[PDB]
Structure formats: structure tokens, C-alpha cells
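# Observations on the model geometry
Below are the chains, spelled out letter by letter.
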There are 2 protein chains.
Amino acid sequence: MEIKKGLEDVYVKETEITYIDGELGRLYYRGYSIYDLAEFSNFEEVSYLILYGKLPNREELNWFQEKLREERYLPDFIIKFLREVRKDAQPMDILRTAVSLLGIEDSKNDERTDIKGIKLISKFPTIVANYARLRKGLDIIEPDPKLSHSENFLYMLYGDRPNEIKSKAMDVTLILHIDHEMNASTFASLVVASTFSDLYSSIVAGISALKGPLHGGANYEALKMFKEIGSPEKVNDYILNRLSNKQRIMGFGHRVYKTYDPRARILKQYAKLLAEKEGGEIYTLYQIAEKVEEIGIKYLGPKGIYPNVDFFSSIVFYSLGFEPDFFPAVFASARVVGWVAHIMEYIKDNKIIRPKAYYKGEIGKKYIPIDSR
Amino acid sequence: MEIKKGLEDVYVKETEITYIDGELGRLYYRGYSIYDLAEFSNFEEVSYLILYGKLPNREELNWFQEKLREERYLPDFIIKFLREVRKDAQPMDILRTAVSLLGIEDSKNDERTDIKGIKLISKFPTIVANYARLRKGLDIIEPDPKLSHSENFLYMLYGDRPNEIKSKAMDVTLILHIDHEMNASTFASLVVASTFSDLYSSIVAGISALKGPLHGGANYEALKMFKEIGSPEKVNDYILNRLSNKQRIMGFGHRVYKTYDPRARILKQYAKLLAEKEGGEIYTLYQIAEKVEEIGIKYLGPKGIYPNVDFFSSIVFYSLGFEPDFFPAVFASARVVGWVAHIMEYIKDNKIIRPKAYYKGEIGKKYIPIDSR
């Protein structure tokens, strides 16, 4: 008799994958600290950790990143799709459709869902980079099997190998987005998966939810804010003006964290490094951002709202050569690893997710003929 | 502290759209009896009822079925998709992808979500029929704006206008599938919709869940059963053999109905009429089915399991010229009206659906170097 609309404060699964202490500002993947993973690991190793629940030994990881380079190539049909398609399409809708097409082109039904997962995960960056070039009137530049995941992403975007700070930054950035708290998109995945529909279907649902505007994170309005604050001399009137007629500060606040976002803390170092190595309009943006961070923490911090990952992730994505409407799709590249993991975890004891609805209408109405209406 | 995995017995919304009394075998759309709707209404009128919550007057319905014929045409890109695509693709995956593409080709963002809904709903049959022809090596035969929804569906399948019993049957069949009890696919829709992602996204999630094998209804294993029971002399050993080593009887039982499915009762008349008007292998199938219904009700009825809509819907779909792997997609044609309705209803007071997950793992693990592993 109590309608739990929103499912806020209902538990839909147990999990071993990701733990967040929003009180202490702590984040663990399989019980490993995101700080340590950011510092000592990489995308490939962290993905294995998260899919399989433990750090790989040298042979396991070697097998794992072998599958990951092996299947980066898109089939011709979907590549045909990419260059033939409307070029003012939303990159998310491109990603959604391409994954859907990938499902059609896949005919191996004997395949373990994790193997199917690897290959999907490995193609996201190829879809994303390929569309970005095509959109800019350049040409598909193919994945280089020799390269590691994050380097190859930037490779297929630039056409040339990225310098090592850029690919580090890319790698840590993707690591920071692989998984987080149960949400609409991870859950949309699980709903589809719990009917044992195919992996591609589930991931299409994940993307379909993630691109929703109401979805937490994937905001990137923060870059826009830094932009319209012109100088960093201008920042305090801007922000104080915003607060006085209570308007949000982009890249601040969080549904779970009541402290500085550990992902933001980690990502800040790369935002700063990239910016100061670029030196341009983009270094001045970073200067804006510190000024905003400073006064933002001052006024908002005592209410337990601080900068979050989006606050720096949008400077970084920018420095790394992506255009703002690709940001969510690069997010998706990371998060799809999380989606696959949860699906794997959820379907060991599958339960099809079918909630109830409470009918509060009338019944037994007489069917009235249309002229009498 | 209680994990509600499956969300069985959790209410995720109030609703005014559809009411099922599984105890009394009753089914209402907007408080109108499905018996009366089947008998006195049509697909177009029932769709309006369900989208808007009341029977239309002559001007409202006239407007409504105007929109419905106006937008049946698919854009060239997706038609290009259809004839270019793998022809051993699952019709559901075709439908999923096409709807996704439809989203890309749509650039009207100022559009009411119900108007967007009409046009989507009207194109499903065009996608389905077009693929069925192309798959069979025939050619796209375009929608005839002059015709009504259900007649035009069969038209685009056959290439010629269907006789009136066939289009009646089609019409009532689609009516019977527009909406039903909250489930994985309607809910997958709602999860995406509750982030205010676009309609196409939500519907892609709906299809993605509906094609899941674990999903209630959309079974159509019943046709297969009638087929392998050769004569209807053969039926009693077959079924009794099945029951003795407890195997399910296809087209029987239901999660909510503990009586004869009202939709099955209504659909039976058309299964019977179509069959006996065909007279062939397909009339003998129907004879099989009655025999199975008879002994099935005898042995299973006292446990409150009876035939359900799938029991006859698969004979009908068959008689109407569809191949068995198109059955779910014709289902989808109907149900998408329900999906649109629920989304419309859910987002008047939107709440983004983000459940919680309970972490039952460890934290604070020490990151061990890969050689030490």
C-alpha cells in the first residue's frame, strides 16, 4: 500500500563490485581504493578487477588485454552507418544505435557473457573516436592493436600517438568512471538483463538512460561556466551572484558524497597538469576553476557540498581534444565496464525485475457510443 | 536492510491506465471492459482511450487517426537500413535498431511527447511489415494512408487489402495487447523515461526488455506444440505424458490470472473463425488446440491454471500470414501504445528511478603488485 516511486531507498541487489562511503569520501572497486588504482593500476587491469572480482596475475591480465585489442574493430555495416549518418546527430544516439547494430552483426550465441562483454567494451572507443573524426570531416583512423586501451583511444582521435601525460590522464579518467553508485542507467541495464535479453540489448538500455538530462553526473555544464566567467578576476561576482538568487554551482554537490569527491581530488592533478602544459585559453579556464573551487568550498563547503568529478572532468575531456557533446559518450566508454560487471553479478541468481503498479482509477464504466459522447 | 531483488511486490507507480483482476478474470482499459472494447471499439479508438484516459468524440478521434496515418512513412535512411541489413536478423533487433534510428532522424524537439508518441506508434507496423517482405525477398510495399491502422498492417504484409474478418481479427488482436500488468519491459521504458531521455530511447529499452526470453507472455511455443502433436487423436498421450514428468503446457497458466484469460476468451473466437475459413493444415492445428484446451482445463483447471492469450494468439498470428519469429514484434506494435501511455502518466510527477544496492564485500584491501600475485 506504499508506492515507492523513484525507488529511492529500495535495495534491488547485493553487490561486491563498488563501495562508496559518502560520509568519509571513500571509494573502492572490489575493496581496492580508487586512489591506489588511479596511482598504481590502469584501465585494463581495473576492468579485469571489476569484471572478475580480483586483481589478475600476469597470465590472466595478458589474456585479458589480448581479448581487448583483438576485438576493437567495427564491422563494415556499422562503419558504413557512421560515415553515412546525419552528422549533427547526438554522439549518445550514435553510440546507442551502433551498439544495437553490433548486436545484429553478432551471431555467436555460444559465447560466455563476459567474453561478449570484453568485445563490446573494446569497441566503444572505436565508435566514439570514429564518429568524432567523420563528424569533423576527417577519416576513420583504425585501431592500432599494438597500443593499450587508453592510448589507442586518443590515437584514433588525433591520428597520432598521444604524449604520455595525455594517455595517463585519459587512462586515469576512464578508471574513475568505470563504476559508481546504483543509478538509473546501471539499473536500466539490469532490468533488461534480468529478462535474459542479449548483452547488446542491456547496454543499449544503459546508454539510453545515461544520456537522460535528469541523470546524476555527466553534466559538463562546468566547462560552460568557466567559459562565461571571462577572467578569473570576474569569478567571485559571478559565483556570489549565482548563490544570492539560489542557483546551483556546476560541478559542486553530490547525492552521496558529503565531502570532496575522491575522483575529483584525483582528477584535479591531471586537469592542472594538462592545462598548464597547454598554456592557452585552456590554462586560463583552469585558473578560473581554481578560483571557483576556492570560493565555492568557502561558501558551500560548510553545507557539505564540494566539487565533484564533473568539475574537473570537463576541463580534462576538453584538453584531451574532445568536444563537449562527446563527453557523455566517453563517460559511457568507461561505465559500460561497470554495466557488464553488474549484469554478470546480477544473473548468477537471476530474478526478472517486474515491479507492481497501484491502480487508483475506476472500473465498470459503460461503453458509450461515439455520437452520444 | 531487506534486499527486494526482483521488485516483486514493490509498487513503482500509481496508475489509471490498466486494471487486472486476476481473481475474477477481469481486464479494464481506463475503466472500460476489454470485452466491450474488443466488441465495440478499434485499435485507433482504444489507443486514444489509453493515451488520454477517455473515449474520444468524433472530432478528437478524427484528429487522432489523422496523425496516425500521416506519419506511417519511414525515412529513407532506415528503409535503407532494412533492405541492406542481414536478413537472418531477429525481427526484434530490427525493431530495436530502427526505432533507435528513428530517434536520430527526428529533429523536432519542441514536440509534445504524445505527438511524438503517435508517430512512433504508427511506424512500428511499417517497420515490421517492410522487414518481413524484404526478408522473404519481396519488396517494400508502402503504407496506404487511406486505410485504417490494422487493415494497413495486413495490407503492407500481403501487398493486397485483407478480407474483413482478417483485419477485424488483426484489430482485436492488437487491442488485446496494447497494455497489461506492470512488467520488465514497461518498467525498462519507465526507468529510461524517468531520466527524461528522449521517447525513442525509452521505447528502445522497452523492446530490449520485451524480447528477453524470461519475459512473461510473448511465448508462441504453443504453435510449436500444436505442430508436434500430429493429429488431434495424439493430443491426450502427448499432454498426459508432459504432465506426468512435470513439464509445462504452453499457453497455459498466468502470473496474475487464476482464471481463463479474458483476452484468450475473446481471441479464441477469431482463432476458430480464421482457422475454419482457411481449412488447411491450420484448421487441423486449431482442432489440436481445442483438444488440448479440453484436457488441459480438465487436469490443470482445478489448480487455477487455464489457457492464456498466447494459447490462441499464435494460431492467429500464423493464420494472418506472419512467421513465428515476427510474433513478438507484432506484440510490440500493440504494446508500444501502452509504453507511451505509462511514460506520459509517469512523468506528470516525474521521479528519476535510482534504486540502491547493498554492498556485502570487503574494503581496505592492500594493492598487491602484479609479480607478488
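Residues numbered from 1 in each chain as written, not as in the entry; some residues may be left out. Chains lettered and ligands numbered in written order. Heavy atoms only, no water.

Per the PDB entry, chain A goes by 373aa long hypothetical citrate synthase and derives from Sulfolobus tokodaii. The header of this PDB entry states its title as "Crystal Structure of an Isozyme of Citrate Synthase from Sulfolbus tokodaii strain7". Turning to chain A, the UniProt annotation filed under Sequence similarities (unreviewed entry) states: "Belongs to the citrate synthase family." Recorded under Pathway (unreviewed entry), the UniProt text for chain A is reproduced unchanged: "Carbohydrate metabolism; tricarboxylic acid cycle." (UniProt positions renumbered as here; feature names shortened; annotations may be inferred.)

## Some thoughts on the overall build of chain A
Per the secondary structure count, chain A includes 16 helices and 5 strands. The C-alpha radius of gyration of chain A comes to 22 Å, within 12% of the 21 Å expected for a compact globule of 373 residues. Its C-alpha atoms put chain A at 70 × 55 × 45 Å along the principal axes. Put simply, of all contacts in chain A between residues at least 6 apart along the chain, 75% involve residues at least 24 apart. Counting every atom, chain A has about 14600 Å² of accessible surface; 46% of that belongs to carbon and sulfur. Placing the 53 positive and 53 negative side-chain charges of chain A at their respective mean positions leaves the two points 5 Å apart. (Helix = DSSP H or I, 4+ residues; strand = E, 2+ residues; numbered from the N terminus. Rg over C-alpha atoms; globule rule 2.2 N^0.38 Å. Contact = heavy atoms within 4.5 Å. Areas by Shrake-Rupley, 256 points an atom, 1.4 Å probe, with all protein chains shown as cover. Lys, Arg positive; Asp, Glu negative; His and termini not counted. Charge placed at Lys NZ, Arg CZ, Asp CG, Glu CD.)

## Here's the deal with the interface of chain A and chain B
A common way to express how large an interface is: the accessible area buried when the components associate. Each partner contributes to the interface: chain A provides 98 residues, whereas chain B provides 98 residues. Where chain A abuts chain B, roughly 9200 Å² becomes buried across the two surfaces, and 63% of that area is made up of carbon and sulfur atoms. In this assembly, chain A and chain B are joined by 18 salt bridges. When the shortest N-O distance is used, the salt bridge between A:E105 and B:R86 registers 3.6 Å. Here chain A and chain B share 48 residue pairs in polar contact between them. Considering every element that reaches the side of chain A that touches chain B, the biggest residue donor is helix α5 (residues 91-105) of chain A, with 9 residues. Considering only residue class, the side of chain A that touches chain B consists of 45 nonpolar, 22 polar and 31 charged. Sheet analysis places strand β5 (residues 356-359) of chain A next to strand β1 (residues 11-15) of chain B, joined by 4 bridges and oriented parallel. (Buried area = accessible area lost by both parts, 1.4 Å probe. Salt bridge = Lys/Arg side-chain N within 4 Å of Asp/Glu carboxyl O. Polar contact = N/O pair within 3.5 Å; in protein donor to acceptor, adjacent residues only side chain to side chain. Nonpolar A, V, L, I, M, F, W, Y, C, P; charged D, E, K, R; others polar. Pairing = 2+ DSSP bridges.)

## Topic: the pattern of salt bridges
For the coordinates displayed, the defined rule picks out 56 salt bridges over all chains. Salt-bridge contacts for A:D198 lead to B:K211; the nearest nitrogen and oxygen are separated by 3.1 Å. Remark: B:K211 occurs in the loop between α10 (199-210) and α11 (221-228) and A:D198 occurs in the loop between α9 (184-193) and α10 (199-210); the pair is interchain, linking two chains. Through salt bridges with shared partners, a single ionic network connects A:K80, A:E84, B:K80 and B:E84.

## Notes on the UniProt feature "active site" (unreviewed entry) in chain A
Residue and element names in this part refer to chain A. Per the UniProt annotation, the sites labelled "active site" (unreviewed entry) are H254 and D310. With the annotated positions falling across 57 residues, the maximum pairwise C-alpha distance of 10.3 Å places them together in a single cluster. Relative to the assigned elements, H254 resides in the loop between α12 (235-244) and α13 (262-278). Not counting residues up to four positions away in its chain, the partners in contact with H254 are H180, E181 and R263. At 2.9 Å, the side chain of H254 forms a polar contact with the backbone nitrogen of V256. Of note, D310 is situated in helix α15 (residues 309-319).

## Digging into the relation of the copies chain A and chain B
Rotating chain A by 180° about the axis while translating it 0.0 Å along that axis superimposes it on chain B, leaving an RMSD of 0.0 Å. Here the transformation between the copies is reduced to the relation of a two-fold axis. The C-alpha atom lying nearest the rotation axis in chain A is that of A:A205; the distance is 2.4 Å. (Least-squares fit on C-alpha atoms.)

## Concerning helix α8 (residues 164-175) of chain B
Residues and elements named next belong to chain B. Taking 1.5 Å of rise per residue, the 12 residues of α8 would be expected to cover 16 Å, and the 16 Å separating its terminal C-alpha atoms lies within 8% of that figure. Of all the 12 residues making up α8, 9 are buried; the element is thus mostly covered by neighbouring parts of the structure. Three or more residues of α8 are buried, namely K166, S167, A169, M170, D171, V172, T173, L174 and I175. (Expected span 1.5 Å × (residues − 1). Buried < 20%, exposed > 50% of the residue type's maximum accessible area, 1.4 Å probe, protein only.)

## Examining the sheet that holds strand β2 (residues 18-21) of chain B
Paired through their backbone hydrogen bonds, the strands of a sheet run either parallel or antiparallel. All names here are of chain B. What the 3 strands build is an open sheet, ordered β2-β3-β4; its pairing is antiparallel. The open sheet has two free edges, formed respectively by β2 and β4 (32-33), since each of these has just one partner strand. Direction of pairing for β2 relative to strand β3 (residues 26-29): antiparallel, over a ladder of 4 bridges. When the bridges of β3 are listed, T18 appears paired with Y29.

## Section: the domain arrangement of chain A
All names here are of chain A. Looking at chain A, the domain boundaries give domain 1 (13-216 + 321-353) and domain 2 (217-320). A separation of 26 Å is found between the C-alpha centroids of domain 1 and domain 2. Listed by partner, the interface residues are 34 residues for domain 1 and 29 residues for domain 2. A per-residue breakdown of the area domain 1 buries against domain 2 is headed by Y35, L176 and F327, which together make up 21% of the total. (Domains from an automatic or database assignment.)

## Looking at α12(A)
Note that an α-helix has 3.6 residues per turn; residues three or four places apart therefore point the same way. Residue and element names in this part refer to chain A. Among all positions in α12, only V235, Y238, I239 and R242 are buried. In a view along the axis of α12, the buried residues occupy a sector of 85°, so they form one face of it. Pointing more than 90 degrees away from the buried face of α12 are the exposed residues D237 and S244. (Arc of directions from axis to C-beta.)

## Overview of the side chain of A:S122
The topology assignment puts A:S122 in helix α6 (residues 113-135). Leave out the neighbours within four places in its chain, and A:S122 touches A:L68, A:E71, A:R72 and A:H149.

## Section: the packing of helix α2 (residues 43-52) of chain B against helix α16 (residues 327-346) of chain B
All names here are of chain B. It is at 8 Å that the axes of α2 and α16 come closest, and there the two elements cross at 20°. Our classification of the angle between α2 and α16 gives roughly parallel. Where α2 crosses over α16, the two elements pack in a sense that is right-handed. Mapping the contact onto sequence places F43, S47, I50, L51 and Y52 in α2 and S333, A334, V337, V340, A341 and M344 in α16. Of the residues assigned to the contact of α2 with α16, the class counts are 9 nonpolar, 2 polar and no charged. (Axes fitted to C-alpha atoms, helices over the stretch in contact; angles between N-to-C directions. Parallel < 35°, antiparallel > 145°, perpendicular 65-115°, else oblique. Left-handed = near helix turned anticlockwise from the far one by under 90°.)

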